[PDB]
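J.: Following this: a sequence and the matching experimental structure.
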Amino acid sequence: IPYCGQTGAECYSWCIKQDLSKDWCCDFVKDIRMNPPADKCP
């Protein structure tokens with residue numbers, strides 16, 4: 001588990017700790033050229 005982590009799913013858990021919005025992270029971990037999972041953001 002390096003900086004953000006390995007994949008996007010795992011990182012999707014940190015961005016939320018910011019308490020901004022469910023779409024806030026969906027657009028963040030997805031903008032980091034990562035591979036977000038399909039079971040987190042519809």
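T.: Right, received. Where do you want to start? Numbers count the residues shown, from 1 in each chain.
J.: and the residue positioned nearest the centre of the chain, what is it in contact with?
T.: In the chain, the centroid-proximal residue (C-alpha atoms, centre = their mean) is residue 12; its distance is 2.4 Å. Contacts for residue 12 (C-beta atoms under 8 Å, 6 or more residues apart in numbering) come out as 25-26, 29, 36-37, 40-41. All C-beta spots, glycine's among them, are computed from the backbone N, C-alpha and C.
J.: Among these, name the ones in helices.
T.: 25-26, 29 (DSSP state H).
J.: For PyMOL, write the select line for the buried members of these.
T.: For the buried members of the ones in helices among the contacts of residue 12, the matching PyMOL selection, counting by 16 or more other C-beta atoms under 10 Å, is:
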select buried, resi 25+26+29
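J.: quick check, nearest of the ones in helices among the contacts of residue 12 to residue 3?
T.: residue 29 (12.3 Å; C-beta to C-beta).
J.: Tell me how far that closest one lies from residue 20.
T.: According to C-beta to C-beta, to the nearest Å, residue 29 and residue 20 sit 13 Å apart.
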